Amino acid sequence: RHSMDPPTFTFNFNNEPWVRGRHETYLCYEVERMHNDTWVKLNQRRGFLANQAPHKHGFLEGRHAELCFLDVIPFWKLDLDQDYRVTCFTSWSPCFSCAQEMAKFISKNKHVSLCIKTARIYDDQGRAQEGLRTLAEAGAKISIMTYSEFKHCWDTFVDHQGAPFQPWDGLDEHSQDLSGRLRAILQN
């Protein structure tokens, strides 16, 4: 097991709008359990993953990070009588069908409260916004990553070799613009 490579982190979680080539989606997750009215981190549950490449046979897209995330949750063997808060830090927001699947998951697993904190919004000008609205309606808390979340991911998920988090240019500007955009999506 290895932590995330720093250049991988930086390349993927960079929130600058005017670059291209971030085809992947990285997803960092943490789990908390409610213990006497206090959320308590379960640190064995921490991890990260990314979207998969398509199989050489063709026709099918590579499995999206969000589905793989949903794939592993049952193996956590969470106690259905207990309460958990599951937080994902994602480089991109979910596509519509991933949002739909995530909405179905949280619908059927009331022991989980899902929080999605995303570096960037992927809006395909199609159903993406519907998906975010639908996921929020099902009870997911969707928000935009700020300095605080980026630093946390760096400290927690990245192989940093003691180096502190160094914000890239415009991190706060972009984050503020995205928060506004997300507010407009979720009230729209």
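Start at 1 and count along the sequence shown; that's the residue number.
- Averaged over their C-alpha atoms, the temperature factors of 121-129 and 159-167 are higher for 121-129.
- Of the two stretches examined, 106-114 and 88-96, the record assigns the greater average C-alpha temperature factor to 106-114.
- In the deposited entry, the Cα temperature factor of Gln176 places it in the highest third of its chain's modelled residues.
- In the PDB entry, a CA B factor belonging to the middle third of its chain's modelled residues is recorded for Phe11.
- For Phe59, the recorded CA temperature factor ranks within the middle third of the chain's modelled residues.
- Per the deposited record, the Cα B-factor of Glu32 falls in the middle third when ranked against the other modelled residues of its chain.
- The PDB entry assigns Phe150 a C-alpha temperature factor belonging to the lowest third of its chain's modelled residues.
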